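Consider the single chain below, provided in structure tokens and representing the form deposited without the named molecule.
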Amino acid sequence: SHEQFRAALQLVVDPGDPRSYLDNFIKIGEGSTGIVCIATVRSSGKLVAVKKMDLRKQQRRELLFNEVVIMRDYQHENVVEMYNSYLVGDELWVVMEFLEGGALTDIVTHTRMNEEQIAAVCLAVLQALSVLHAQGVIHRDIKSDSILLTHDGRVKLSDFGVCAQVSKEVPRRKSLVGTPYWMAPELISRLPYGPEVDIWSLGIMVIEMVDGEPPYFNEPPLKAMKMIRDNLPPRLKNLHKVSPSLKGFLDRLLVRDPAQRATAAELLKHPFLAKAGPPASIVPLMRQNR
């Protein structure tokens, strides 16, 4: 069965072993699907990133195909590029672009962001989502950990391992997927749902960017979901600290009724994004410049 699944991935991944052209694997992170390493291209001296995912360790092994779908079919300025995929033993390896500036999480938990920086992040994320949504792709795990940065402050969406596609034949998804504090109310309620869930999740990430934390972070995951599902939309812990342009923006995102939530494409026209600075504005936030 595991062997059965190895054989399936083999048919779909590139041939060979990238250890044959990469040196100096160094682990830099974890997500839920597996680990992330930096490696050095032997011949160029360039750095690439390598996602290793043990087949035996996935809740739903079939989601591993999501990584292949995206590589093959959706590549874009605000999405991390995947180069090649391989089966190495019991692991799937994706060689991809290295975002040397790290995750938004490290910023949000160690400095404060002004509204220029917040708005630049949102603009970059929405450009990614409006295109993905336009083709029936829902990321389903929008949060600061999934947002990665170049050294020069460009912002790219990452970690597609739990995404899904909708379309006319499958207008809606139903699976319980995501990270609790960020999950939309209708998805916690087990209603069929569409791209609207990325928009809610993005709102939570706006609150991360403002308060440093998503709401009900001091509650265990299951209590948080109940309150997400049962309560009025979560509030900023510090409302006096967002301009009413930011408060208005957020009010389009944290909407309980999924039919009234703004879509990515509408949100691109929101005045709050007028404040977005260039990537260079994000650069001072990174660990190496603080």
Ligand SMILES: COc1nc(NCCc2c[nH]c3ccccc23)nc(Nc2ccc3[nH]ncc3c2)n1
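In case it trips you up, residue 1 is the first one in the sequence shown, and so on.
Separately, the form solved in complex with the named molecule exists; it is not shown, and the next lines address it.
Participant: According to a 4.5 angstroms non-hydrogen atom cut-off, is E196 in contact with the named molecule in the deposited bound form?
Facilitator: No - in the deposited bound form, heavy atoms of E196 and the named molecule never come within 4.5 Å of each other.
Participant: Do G102 and the named molecule come within 4.5 Å of each other in the deposited bound form, heavy atoms counted?
Facilitator: Heavy-atom contact with the named molecule at 4.5 Å: present for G102.
Participant: Within a 4.5 Å heavy atom cut-off, is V80 in contact with the named molecule in the deposited bound form?
Facilitator: Heavy-atom contact with the named molecule at 4.5 Å: present for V80.
Participant: Answer for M113 alone: is it within 4.5 Å of the named molecule in the deposited bound form, judged on heavy atom distances?
Facilitator: Residue-level check for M113: no, no contact with the named molecule.
Participant: If contact means any heavy atom within 4.5 Å, which of 25-33, 219-227, 235-243, 257-265 contacts the named molecule in the deposited bound form?
Facilitator: The contacting stretch here is 25-33.
Participant: Check for me whether the named molecule, as it appears in the deposited bound form, comes within 4.5 angstroms of all of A49, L148 and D159 - heavy atoms only.
Facilitator: Checking in the deposited bound form: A49, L148 and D159 are all within 4.5 Å of the named molecule.
Participant: I need to confirm a contact call. Of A124, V210, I188, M96, which residue comes within 4.5 Å of the named molecule in the deposited bound form, counting heavy atoms only?
Facilitator: Selected option: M96.
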